Every structure is written in C-alpha cells, then in structure tokens.
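Structure data follow from target_38.txt (compact mmCIF, N, CA and C atoms and all ligand atoms):
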# COMPACT_ATOMS: atom_id res chain seq x y z
N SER J 42 1.13 12.13 3.69
CA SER J 42 0.94 11.95 2.25
C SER J 42 -0.01 10.81 1.98
N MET J 43 -0.89 11.04 1.03
CA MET J 43 -1.71 9.96 0.53
C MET J 43 -0.90 9.12 -0.46
N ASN J 44 -1.35 7.89 -0.66
CA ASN J 44 -0.89 7.11 -1.81
C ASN J 44 -1.45 7.72 -3.09
N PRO J 45 -0.76 7.58 -4.21
CA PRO J 45 -1.37 7.94 -5.50
C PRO J 45 -2.45 6.93 -5.85
N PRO J 46 -3.36 7.27 -6.75
CA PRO J 46 -4.25 6.25 -7.31
C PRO J 46 -3.42 5.20 -8.01
N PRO J 47 -3.86 3.95 -7.99
CA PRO J 47 -3.07 2.89 -8.63
C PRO J 47 -3.06 3.10 -10.13
N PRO J 48 -2.19 2.40 -10.86
CA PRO J 48 -2.16 2.58 -12.31
C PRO J 48 -3.46 2.13 -12.93
N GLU J 49 -3.78 2.72 -14.07
CA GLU J 49 -4.99 2.36 -14.78
C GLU J 49 -4.92 0.92 -15.23
N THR J 50 -6.04 0.22 -15.14
CA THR J 50 -6.03 -1.16 -15.56
C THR J 50 -7.04 -1.47 -16.63
N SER J 51 -7.92 -0.55 -16.94
CA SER J 51 -8.88 -0.73 -18.03
C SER J 51 -9.06 0.63 -18.67
N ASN J 52 -9.14 0.63 -19.98
CA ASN J 52 -9.34 1.87 -20.70
C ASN J 52 -10.24 1.58 -21.88
N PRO J 53 -11.49 2.08 -21.85
CA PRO J 53 -12.44 1.74 -22.93
C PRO J 53 -12.02 2.29 -24.27
N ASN J 54 -11.15 3.29 -24.27
CA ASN J 54 -10.74 3.95 -25.50
C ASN J 54 -9.61 3.24 -26.24
N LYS J 55 -9.06 2.15 -25.71
CA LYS J 55 -8.00 1.37 -26.36
C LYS J 55 -8.51 0.09 -26.98
N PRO J 56 -8.07 -0.20 -28.19
CA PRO J 56 -8.49 -1.43 -28.85
C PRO J 56 -7.89 -2.61 -28.12
N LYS J 57 -8.57 -3.73 -28.25
CA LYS J 57 -8.23 -4.94 -27.52
C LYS J 57 -8.01 -6.11 -28.46
N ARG J 58 -7.14 -7.05 -28.05
CA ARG J 58 -6.95 -8.30 -28.80
C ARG J 58 -6.38 -9.36 -27.88
N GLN J 59 -6.58 -10.59 -28.26
CA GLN J 59 -5.89 -11.72 -27.65
C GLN J 59 -4.78 -12.19 -28.57
N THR J 60 -3.63 -12.52 -27.99
CA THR J 60 -2.51 -13.08 -28.74
C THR J 60 -1.88 -14.21 -27.93
N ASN J 61 -1.17 -15.13 -28.61
CA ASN J 61 -0.53 -16.19 -27.84
C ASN J 61 0.57 -15.64 -26.92
N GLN J 62 1.28 -14.57 -27.32
CA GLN J 62 2.26 -13.98 -26.39
C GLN J 62 1.59 -13.42 -25.14
N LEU J 63 0.46 -12.69 -25.31
CA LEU J 63 -0.24 -12.22 -24.11
C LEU J 63 -0.79 -13.37 -23.27
N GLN J 64 -1.35 -14.42 -23.89
CA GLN J 64 -1.83 -15.57 -23.12
C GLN J 64 -0.70 -16.15 -22.30
N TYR J 65 0.47 -16.32 -22.93
CA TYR J 65 1.64 -16.87 -22.25
C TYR J 65 2.12 -15.98 -21.10
N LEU J 66 2.11 -14.65 -21.31
CA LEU J 66 2.51 -13.75 -20.24
C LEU J 66 1.61 -13.89 -19.03
N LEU J 67 0.33 -14.07 -19.22
CA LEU J 67 -0.58 -14.20 -18.08
C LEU J 67 -0.54 -15.60 -17.50
N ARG J 68 -0.75 -16.60 -18.36
CA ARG J 68 -0.98 -17.96 -17.87
C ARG J 68 0.28 -18.72 -17.58
N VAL J 69 1.46 -18.23 -17.98
CA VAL J 69 2.74 -18.85 -17.69
C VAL J 69 3.67 -17.91 -16.94
N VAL J 70 3.92 -16.72 -17.48
CA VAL J 70 4.94 -15.87 -16.85
C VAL J 70 4.44 -15.31 -15.51
N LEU J 71 3.29 -14.63 -15.55
CA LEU J 71 2.76 -14.02 -14.33
C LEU J 71 2.45 -15.08 -13.30
N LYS J 72 1.82 -16.14 -13.74
CA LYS J 72 1.48 -17.22 -12.82
C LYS J 72 2.71 -17.78 -12.12
N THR J 73 3.81 -17.93 -12.84
CA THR J 73 5.00 -18.51 -12.22
C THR J 73 5.58 -17.57 -11.17
N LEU J 74 5.60 -16.29 -11.47
CA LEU J 74 6.17 -15.36 -10.52
C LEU J 74 5.24 -15.17 -9.34
N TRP J 75 3.93 -15.22 -9.60
CA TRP J 75 2.96 -14.94 -8.55
C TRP J 75 3.09 -15.93 -7.39
N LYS J 76 3.47 -17.17 -7.68
CA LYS J 76 3.53 -18.23 -6.67
C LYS J 76 4.87 -18.29 -5.98
N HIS J 77 5.83 -17.49 -6.40
CA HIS J 77 7.17 -17.61 -5.89
C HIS J 77 7.21 -17.15 -4.44
N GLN J 78 8.02 -17.85 -3.65
CA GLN J 78 8.25 -17.49 -2.26
C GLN J 78 8.38 -15.99 -2.02
N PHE J 79 9.08 -15.30 -2.94
CA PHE J 79 9.44 -13.90 -2.77
C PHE J 79 8.45 -12.92 -3.43
N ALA J 80 7.31 -13.37 -3.90
CA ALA J 80 6.50 -12.45 -4.71
C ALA J 80 5.69 -11.45 -3.88
N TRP J 81 5.39 -11.73 -2.62
CA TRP J 81 4.37 -10.96 -1.94
C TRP J 81 4.66 -9.46 -1.86
N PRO J 82 5.90 -8.95 -1.76
CA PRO J 82 6.06 -7.49 -1.75
C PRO J 82 5.72 -6.86 -3.08
N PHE J 83 5.56 -7.68 -4.09
CA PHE J 83 5.35 -7.22 -5.47
C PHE J 83 3.94 -7.49 -5.97
N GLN J 84 3.04 -7.97 -5.12
CA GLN J 84 1.71 -8.40 -5.59
C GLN J 84 0.66 -7.27 -5.57
N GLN J 85 1.02 -6.09 -5.11
CA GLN J 85 0.09 -4.97 -5.00
C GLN J 85 0.92 -3.70 -4.95
N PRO J 86 0.33 -2.55 -5.22
CA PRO J 86 1.11 -1.33 -5.10
C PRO J 86 1.68 -1.15 -3.70
N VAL J 87 2.86 -0.52 -3.63
CA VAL J 87 3.41 -0.18 -2.32
C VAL J 87 2.46 0.75 -1.57
N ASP J 88 1.97 0.29 -0.40
CA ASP J 88 1.09 1.14 0.42
C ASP J 88 1.97 1.97 1.35
N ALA J 89 2.36 3.14 0.85
CA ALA J 89 3.24 4.04 1.58
C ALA J 89 2.56 4.68 2.77
N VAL J 90 1.23 4.72 2.81
CA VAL J 90 0.57 5.23 4.02
C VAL J 90 0.70 4.20 5.15
N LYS J 91 0.27 2.97 4.87
CA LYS J 91 0.27 1.94 5.90
C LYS J 91 1.68 1.65 6.37
N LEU J 92 2.63 1.69 5.47
CA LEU J 92 4.03 1.38 5.78
C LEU J 92 4.82 2.58 6.27
N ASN J 93 4.22 3.77 6.23
CA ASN J 93 4.90 5.01 6.63
C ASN J 93 6.23 5.20 5.88
N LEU J 94 6.11 5.28 4.55
CA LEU J 94 7.23 5.55 3.65
C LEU J 94 6.90 6.79 2.83
N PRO J 95 6.90 7.97 3.45
CA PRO J 95 6.46 9.15 2.71
C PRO J 95 7.40 9.58 1.60
N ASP J 96 8.62 9.05 1.53
CA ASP J 96 9.48 9.40 0.40
C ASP J 96 9.32 8.45 -0.80
N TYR J 97 8.52 7.38 -0.68
CA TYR J 97 8.49 6.37 -1.74
C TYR J 97 8.00 6.97 -3.06
N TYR J 98 6.86 7.68 -3.03
CA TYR J 98 6.30 8.28 -4.25
C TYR J 98 6.86 9.66 -4.52
N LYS J 99 7.84 10.10 -3.75
CA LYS J 99 8.66 11.24 -4.17
C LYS J 99 9.83 10.79 -5.02
N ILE J 100 10.21 9.53 -4.91
CA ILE J 100 11.31 8.97 -5.67
C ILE J 100 10.80 8.16 -6.87
N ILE J 101 9.73 7.38 -6.65
CA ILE J 101 9.21 6.48 -7.66
C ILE J 101 7.98 7.17 -8.30
N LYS J 102 8.16 7.63 -9.54
CA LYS J 102 7.10 8.33 -10.27
C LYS J 102 6.41 7.47 -11.31
N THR J 103 6.93 6.27 -11.59
CA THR J 103 6.26 5.30 -12.47
C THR J 103 6.06 4.01 -11.67
N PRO J 104 5.18 4.01 -10.68
CA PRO J 104 4.98 2.79 -9.89
C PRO J 104 4.36 1.68 -10.72
N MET J 105 4.71 0.45 -10.37
CA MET J 105 4.15 -0.72 -11.02
C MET J 105 4.32 -1.92 -10.10
N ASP J 106 3.38 -2.86 -10.20
CA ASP J 106 3.36 -4.06 -9.37
C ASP J 106 2.65 -5.16 -10.15
N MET J 107 2.85 -6.40 -9.68
CA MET J 107 2.27 -7.53 -10.41
C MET J 107 0.75 -7.61 -10.29
N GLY J 108 0.15 -7.08 -9.20
CA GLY J 108 -1.31 -6.98 -9.14
C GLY J 108 -1.89 -6.15 -10.27
N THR J 109 -1.28 -5.00 -10.51
CA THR J 109 -1.67 -4.16 -11.67
C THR J 109 -1.45 -4.87 -13.00
N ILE J 110 -0.28 -5.54 -13.13
CA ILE J 110 -0.01 -6.22 -14.40
C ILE J 110 -1.04 -7.33 -14.62
N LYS J 111 -1.34 -8.09 -13.56
CA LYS J 111 -2.35 -9.15 -13.68
C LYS J 111 -3.70 -8.58 -14.13
N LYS J 112 -4.13 -7.46 -13.55
CA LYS J 112 -5.41 -6.88 -13.94
C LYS J 112 -5.35 -6.35 -15.37
N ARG J 113 -4.22 -5.76 -15.74
CA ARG J 113 -4.09 -5.29 -17.11
C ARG J 113 -4.22 -6.44 -18.08
N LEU J 114 -3.50 -7.56 -17.83
CA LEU J 114 -3.65 -8.70 -18.75
C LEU J 114 -5.08 -9.22 -18.77
N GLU J 115 -5.69 -9.35 -17.61
CA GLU J 115 -7.06 -9.91 -17.55
C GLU J 115 -8.09 -8.98 -18.20
N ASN J 116 -7.82 -7.68 -18.24
CA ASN J 116 -8.72 -6.73 -18.89
C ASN J 116 -8.34 -6.43 -20.33
N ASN J 117 -7.30 -7.06 -20.85
CA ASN J 117 -6.87 -6.87 -22.24
C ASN J 117 -6.40 -5.45 -22.46
N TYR J 118 -5.73 -4.90 -21.45
CA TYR J 118 -5.22 -3.54 -21.55
C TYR J 118 -4.02 -3.41 -22.50
N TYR J 119 -3.24 -4.48 -22.67
CA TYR J 119 -2.07 -4.49 -23.52
C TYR J 119 -2.38 -4.99 -24.92
N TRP J 120 -1.91 -4.26 -25.93
CA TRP J 120 -2.03 -4.76 -27.30
C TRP J 120 -0.78 -5.54 -27.72
N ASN J 121 0.39 -5.10 -27.27
CA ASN J 121 1.67 -5.70 -27.61
C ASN J 121 2.28 -6.32 -26.34
N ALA J 122 2.85 -7.51 -26.47
CA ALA J 122 3.53 -8.15 -25.36
C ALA J 122 4.62 -7.26 -24.77
N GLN J 123 5.30 -6.45 -25.58
CA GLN J 123 6.36 -5.65 -25.04
C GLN J 123 5.86 -4.62 -24.04
N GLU J 124 4.62 -4.17 -24.17
CA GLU J 124 4.05 -3.29 -23.14
C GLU J 124 4.00 -3.97 -21.79
N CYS J 125 3.68 -5.24 -21.77
CA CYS J 125 3.58 -5.94 -20.51
C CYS J 125 4.97 -6.21 -19.94
N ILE J 126 5.91 -6.66 -20.82
CA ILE J 126 7.29 -6.85 -20.40
C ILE J 126 7.85 -5.55 -19.85
N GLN J 127 7.50 -4.41 -20.48
CA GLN J 127 7.98 -3.12 -19.96
C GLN J 127 7.50 -2.88 -18.53
N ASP J 128 6.24 -3.22 -18.23
CA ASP J 128 5.76 -3.02 -16.86
C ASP J 128 6.50 -3.89 -15.86
N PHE J 129 6.77 -5.17 -16.19
CA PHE J 129 7.56 -5.97 -15.25
C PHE J 129 8.92 -5.32 -15.05
N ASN J 130 9.52 -4.84 -16.13
CA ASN J 130 10.87 -4.27 -15.97
C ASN J 130 10.82 -2.99 -15.16
N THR J 131 9.75 -2.18 -15.32
CA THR J 131 9.62 -1.01 -14.46
C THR J 131 9.52 -1.39 -13.00
N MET J 132 8.72 -2.40 -12.67
CA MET J 132 8.59 -2.84 -11.29
C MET J 132 9.95 -3.18 -10.69
N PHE J 133 10.76 -3.95 -11.45
CA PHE J 133 12.09 -4.30 -10.89
C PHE J 133 12.97 -3.08 -10.79
N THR J 134 13.01 -2.24 -11.82
CA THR J 134 13.88 -1.06 -11.76
C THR J 134 13.50 -0.15 -10.59
N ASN J 135 12.19 0.01 -10.33
CA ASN J 135 11.77 0.84 -9.19
C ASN J 135 12.37 0.32 -7.87
N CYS J 136 12.38 -1.00 -7.69
CA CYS J 136 12.98 -1.62 -6.52
C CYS J 136 14.46 -1.26 -6.42
N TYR J 137 15.19 -1.34 -7.51
CA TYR J 137 16.63 -1.04 -7.48
C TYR J 137 16.90 0.44 -7.31
N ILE J 138 15.98 1.29 -7.74
CA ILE J 138 16.14 2.72 -7.52
C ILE J 138 15.94 3.08 -6.07
N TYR J 139 14.89 2.55 -5.41
CA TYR J 139 14.54 3.00 -4.08
C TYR J 139 15.40 2.32 -3.01
N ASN J 140 15.85 1.10 -3.25
CA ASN J 140 16.50 0.25 -2.26
C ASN J 140 17.99 0.05 -2.54
N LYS J 141 18.77 -0.38 -1.44
CA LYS J 141 20.22 -0.48 -1.51
C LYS J 141 20.67 -1.90 -1.78
N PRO J 142 21.85 -2.11 -2.37
CA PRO J 142 22.34 -3.49 -2.53
C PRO J 142 22.45 -4.14 -1.17
N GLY J 143 22.15 -5.43 -1.13
CA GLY J 143 22.15 -6.13 0.12
C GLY J 143 20.82 -6.14 0.84
N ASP J 144 19.92 -5.18 0.58
CA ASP J 144 18.60 -5.18 1.22
C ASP J 144 17.85 -6.47 0.85
N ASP J 145 17.06 -6.97 1.80
CA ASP J 145 16.26 -8.15 1.53
C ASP J 145 15.40 -7.97 0.28
N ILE J 146 14.72 -6.83 0.18
CA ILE J 146 13.80 -6.66 -0.96
C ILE J 146 14.55 -6.68 -2.30
N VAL J 147 15.81 -6.24 -2.31
CA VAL J 147 16.62 -6.32 -3.53
C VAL J 147 16.98 -7.75 -3.89
N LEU J 148 17.38 -8.55 -2.90
CA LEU J 148 17.63 -9.96 -3.15
C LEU J 148 16.38 -10.63 -3.72
N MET J 149 15.21 -10.27 -3.16
CA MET J 149 13.92 -10.81 -3.63
C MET J 149 13.67 -10.42 -5.07
N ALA J 150 13.82 -9.13 -5.36
CA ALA J 150 13.63 -8.65 -6.75
C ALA J 150 14.61 -9.33 -7.71
N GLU J 151 15.86 -9.49 -7.30
CA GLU J 151 16.86 -10.12 -8.18
C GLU J 151 16.43 -11.55 -8.52
N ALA J 152 15.88 -12.27 -7.55
CA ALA J 152 15.50 -13.65 -7.82
C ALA J 152 14.28 -13.71 -8.72
N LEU J 153 13.30 -12.86 -8.47
CA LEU J 153 12.14 -12.81 -9.34
C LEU J 153 12.53 -12.39 -10.75
N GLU J 154 13.42 -11.38 -10.87
CA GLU J 154 13.82 -10.91 -12.19
C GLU J 154 14.57 -12.01 -12.94
N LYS J 155 15.43 -12.78 -12.24
CA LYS J 155 16.09 -13.91 -12.90
C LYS J 155 15.08 -14.90 -13.48
N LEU J 156 14.06 -15.24 -12.71
CA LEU J 156 13.05 -16.15 -13.16
C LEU J 156 12.21 -15.54 -14.29
N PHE J 157 11.84 -14.26 -14.15
CA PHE J 157 11.15 -13.54 -15.23
C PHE J 157 11.91 -13.61 -16.54
N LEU J 158 13.21 -13.27 -16.53
CA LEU J 158 14.02 -13.33 -17.74
C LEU J 158 14.07 -14.73 -18.32
N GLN J 159 14.17 -15.75 -17.48
CA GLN J 159 14.17 -17.12 -18.00
C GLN J 159 12.86 -17.42 -18.70
N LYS J 160 11.74 -16.99 -18.11
CA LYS J 160 10.46 -17.34 -18.70
C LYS J 160 10.22 -16.57 -19.99
N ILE J 161 10.65 -15.30 -20.07
CA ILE J 161 10.33 -14.60 -21.32
C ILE J 161 11.30 -14.99 -22.42
N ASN J 162 12.41 -15.64 -22.10
CA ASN J 162 13.23 -16.25 -23.17
C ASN J 162 12.47 -17.36 -23.90
N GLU J 163 11.35 -17.83 -23.37
CA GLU J 163 10.56 -18.88 -24.02
C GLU J 163 9.21 -18.37 -24.51
N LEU J 164 9.10 -17.08 -24.74
CA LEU J 164 7.86 -16.54 -25.27
C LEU J 164 7.56 -17.20 -26.62
N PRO J 165 6.31 -17.59 -26.89
CA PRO J 165 5.98 -18.26 -28.16
C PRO J 165 5.98 -17.27 -29.32
N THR J 166 5.88 -17.82 -30.54
CA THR J 166 6.00 -17.01 -31.75
C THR J 166 4.86 -15.99 -31.91
N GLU J 167 5.22 -14.82 -32.45
CA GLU J 167 4.22 -13.80 -32.78
C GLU J 167 3.39 -14.20 -33.99
N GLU J 168 2.13 -13.76 -34.00
CA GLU J 168 1.25 -13.94 -35.18
C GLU J 168 1.82 -13.12 -36.35
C1 LIG I 1 1.31 -2.59 4.05
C2 LIG I 1 1.12 -3.90 3.28
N1 LIG I 1 1.23 -4.99 4.22
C3 LIG I 1 0.30 -5.15 5.29
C4 LIG I 1 -1.06 -5.35 4.66
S1 LIG I 1 2.00 -6.36 3.68
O1 LIG I 1 1.65 -6.75 2.36
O2 LIG I 1 1.77 -7.49 4.53
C5 LIG I 1 3.68 -5.75 3.80
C6 LIG I 1 4.23 -5.77 5.05
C7 LIG I 1 5.50 -5.30 5.20
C8 LIG I 1 6.18 -4.80 4.13
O3 LIG I 1 7.46 -4.34 4.27
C9 LIG I 1 5.60 -4.76 2.89
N2 LIG I 1 6.41 -4.20 1.87
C10 LIG I 1 6.12 -4.17 0.49
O4 LIG I 1 5.17 -4.60 0.06
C11 LIG I 1 7.12 -3.51 -0.42
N3 LIG I 1 7.15 -3.80 -1.69
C12 LIG I 1 8.09 -3.12 -2.30
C13 LIG I 1 8.35 -3.26 -3.78
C14 LIG I 1 8.72 -2.31 -1.37
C15 LIG I 1 8.11 -2.53 -0.17
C16 LIG I 1 8.49 -1.81 1.16
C17 LIG I 1 10.00 -1.70 1.36
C18 LIG I 1 10.60 -0.49 0.65
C19 LIG I 1 10.00 -0.14 -0.68
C20 LIG I 1 9.84 -1.29 -1.65
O5 LIG I 1 10.51 -1.36 -2.59
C21 LIG I 1 4.33 -5.22 2.71
Conversion result in structure tokens:
Amino acid sequence: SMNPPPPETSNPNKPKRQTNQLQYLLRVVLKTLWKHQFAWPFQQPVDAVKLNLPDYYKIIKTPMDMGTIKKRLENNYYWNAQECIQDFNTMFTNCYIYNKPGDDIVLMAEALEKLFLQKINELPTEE
C-alpha cells in the first residue's frame, strides 16, 4: 500500500485572515507542543510505507499531524481558530483509535493532549 497524499495545506479558493487566536495557536500552542519531549511521532504524517503499517490508513480515514497543522497555520488555511483546534483533536483521537491503552504512543499522546488543553484554556479574546 502507498501512503495517501498528505492533507491539503494551502487552498487558493479560501479567504484568508490573521487573528490573535490564530497567532496564539501558531506562536504559543503549536510551538509549545512542537518542542515537547514526546512530540516527534506527531510532527509529520504517519509513514505507513516506511514503518510497514498497512492497516493504518484502513483504520484512520481522517489523518492529521502537527506538521500539517503548522503548515496550515503558516499558509493561513484556517479562518476560525476552532478549525485548527479540531485538527489537533483529530490527531489525538486517531492515536486513541489505532493504539491500545498502555502503549507508549498513547502515553505520549495523553501528555501532549494534557498540555494542549492547558494552553487552549488561555486562548486570547476573539475580535
Ligand atoms: C518512519 C518515520 N521515521 C523514520 C524516518 S521516524 O520519524 O524516525 C519514526 C520511527 C519510528 C516510529 O515508530 C515512528 N512512529 C510514528 O511516527 C507514529 N506516529 C504515530 C501517531 C503513530 C506512529 C507509529 C505507531 C503506530 C501508529 C501511530 O499512531 C516514527
């Protein structure tokens, strides 16, 4: 099996804007998670060819990773902060769907998700 193409990160047909919530998601939320000890399995799409996981994209039909989210923020792909929060939540849910309790990658996801939730509790005010 091939890997699927990664998620779209730029779309010329979508309107663009900057907002303080989007700035905060990139320059505070994403940045904090990106540097975390446990972030590396989440920094790029799962390469199921290289890792020989041919069932990964038979189970996970909405793949997402922080590399894609970073590119989406940097390309102004999101209009609403909740779109970006939704992608982080998809990334974590995909981990819990594919993996078992007790697995290392689940412990890693749980720690990142805890930190993610703490950081988005401090999202600044909407315009
Ligand atoms: C091939 C890339 N590598 C060499 C260039 S690698 O980045 O060094 C590397 C090396 C060993 C690895 O197990 C990984 N695993 C992951 O990334 C990863 N992420 C997630 C969210 C998952 C997995 C795999 C476990 C099960 C599925 C899952 O939920 C990555």
Within 7 Å of segment 126-146 of chain J: each segment 64-108 of chain J residue with its shortest pair, all atoms listed in the file, as a Markdown table:
| residue | atom | partner | partner_atom | distance |
| --- | --- | --- | --- | --- |
| J:100 | C | J:139 | CA | 7.0 |
| J:101 | CA | J:135 | CA | 6.4 |
| J:103 | C | J:131 | C | 6.5 |
| J:104 | C | J:132 | CA | 6.2 |
| J:105 | C | J:132 | CA | 4.5 |
| J:106 | N | J:132 | CA | 5.3 |
| J:107 | N | J:132 | CA | 6.9 |
- Item | Point-to-point distance from atom CA of residue 111 of chain J to atom CA of residue 44 of chain J, Å rounded to tenths | 20.2 Å
6 Å shell around ligand LIG 1 (chain I) using only N, CA and C atoms and all ligand atoms, listed as an mmCIF file with N, CA and C atoms, in the frame of the given file:
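Here's the written file part12.cif:
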data_model
loop_
_atom_site.group_PDB
_atom_site.id
_atom_site.type_symbol
_atom_site.label_atom_id
_atom_site.label_comp_id
_atom_site.auth_asym_id
_atom_site.auth_seq_id
_atom_site.Cartn_x
_atom_site.Cartn_y
_atom_site.Cartn_z
ATOM 1 N N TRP J 81 5.390 -11.730 -2.620
ATOM 2 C CA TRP J 81 4.370 -10.960 -1.940
ATOM 3 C C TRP J 81 4.660 -9.460 -1.860
ATOM 4 N N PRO J 82 5.900 -8.950 -1.760
ATOM 5 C CA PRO J 82 6.060 -7.490 -1.750
ATOM 6 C C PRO J 82 5.720 -6.860 -3.080
ATOM 7 N N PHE J 83 5.560 -7.680 -4.090
ATOM 8 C CA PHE J 83 5.350 -7.220 -5.470
ATOM 9 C C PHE J 83 3.940 -7.490 -5.970
ATOM 10 N N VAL J 87 2.860 -0.520 -3.630
ATOM 11 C CA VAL J 87 3.410 -0.180 -2.320
ATOM 12 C C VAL J 87 2.460 0.750 -1.570
ATOM 13 N N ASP J 88 1.970 0.290 -0.400
ATOM 14 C CA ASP J 88 1.090 1.140 0.420
ATOM 15 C C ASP J 88 1.970 1.970 1.350
ATOM 16 N N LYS J 91 0.270 2.970 4.870
ATOM 17 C CA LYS J 91 0.270 1.940 5.900
ATOM 18 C C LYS J 91 1.680 1.650 6.370
ATOM 19 N N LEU J 92 2.630 1.690 5.470
ATOM 20 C CA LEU J 92 4.030 1.380 5.780
ATOM 21 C C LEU J 92 4.820 2.580 6.270
ATOM 22 N N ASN J 135 12.190 0.010 -10.330
ATOM 23 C CA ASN J 135 11.770 0.840 -9.190
ATOM 24 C C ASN J 135 12.370 0.320 -7.870
ATOM 25 N N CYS J 136 12.380 -1.000 -7.690
ATOM 26 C CA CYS J 136 12.980 -1.620 -6.520
ATOM 27 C C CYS J 136 14.460 -1.260 -6.420
ATOM 28 N N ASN J 140 15.850 1.100 -3.250
ATOM 29 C CA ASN J 140 16.500 0.250 -2.260
ATOM 30 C C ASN J 140 17.990 0.050 -2.540
#
- atom N of residue 60 of chain J to atom N of residue 48 of chain J, distance in Å rounded to a single decimal: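 For atom N of residue 60 of chain J relative to atom N of residue 48 of chain J, the distance reads 22.8 Å.
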- Query: Counting only C-alpha atoms, which of J:52, J:73, J:93, J:117 gets nearest to residue 156 of chain J?
  - Reply: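 Using only C-alpha atoms, the shortest distance to residue 156 of chain J belongs to J:73.
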- Task: Please provide as a ChimeraX atom specification all residues within 8 Å of residue 113 of chain J, with the sequence filter that same-chain residues fewer than 5 positions apart are discarded (counting all atoms listed in the file).
- Result: /J:49-51,107-108,118-119
Can those selected residues be exported to a file as a JSON list (two decimals), in the coordinates of the input so that it contains N, CA and C atoms?
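Resulting contents of again.json:
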[["chain", "number", "residue", "atom", "x", "y", "z"],
["J", 49, "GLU", "N", -3.78, 2.72, -14.07],
["J", 49, "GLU", "CA", -4.99, 2.36, -14.78],
["J", 49, "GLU", "C", -4.92, 0.92, -15.23],
["J", 50, "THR", "N", -6.04, 0.22, -15.14],
["J", 50, "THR", "CA", -6.03, -1.16, -15.56],
["J", 50, "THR", "C", -7.04, -1.47, -16.63],
["J", 51, "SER", "N", -7.92, -0.55, -16.94],
["J", 51, "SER", "CA", -8.88, -0.73, -18.03],
["J", 51, "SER", "C", -9.06, 0.63, -18.67],
["J", 107, "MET", "N", 2.85, -6.40, -9.68],
["J", 107, "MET", "CA", 2.27, -7.53, -10.41],
["J", 107, "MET", "C", 0.75, -7.61, -10.29],
["J", 108, "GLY", "N", 0.15, -7.08, -9.20],
["J", 108, "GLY", "CA", -1.31, -6.98, -9.14],
["J", 108, "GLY", "C", -1.89, -6.15, -10.27],
["J", 118, "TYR", "N", -5.73, -4.90, -21.45],
["J", 118, "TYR", "CA", -5.22, -3.54, -21.55],
["J", 118, "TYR", "C", -4.02, -3.41, -22.50],
["J", 119, "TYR", "N", -3.24, -4.48, -22.67],
["J", 119, "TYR", "CA", -2.07, -4.49, -23.52],
["J", 119, "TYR", "C", -2.38, -4.99, -24.92]]
- Task: Kindly give the distance, in Å, that separates atom CA of residue 78 of chain J and atom C of residue 116 of chain J, rounded to a single decimal.
- Result: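 The value is 26.9 Å.
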Give the centre and edge lengths of an axis-aligned box, in Å to one decimal, that holds all listed atoms of segment 95-99 of chain J with 6 Å on each side, as lines of an AutoDock Vina configuration file.
center_x = 8.1
center_y = 8.8
center_z = -0.8
size_x = 15.5
size_y = 16.9
size_z = 20.5
- Task: Give me every alpha helix (DSSP H) residue in segment 112-148 of chain J, going by DSSP on the backbone, as an NGL selection string.
- Result: :J and (112-115 or 122-139 or 145-148)
- Restricting the calculation to all atoms listed in the file, which member of J:71, J:58, J:162, J:63 is positioned closest to residue 122 of chain J?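 When distances to residue 122 of chain J are compared using all atoms listed in the file, the smallest one comes from J:63.
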- Distance criterion (only C-alpha atoms): nearest to residue 90 of chain J out of J:123, J:42, J:163, J:154: J:42
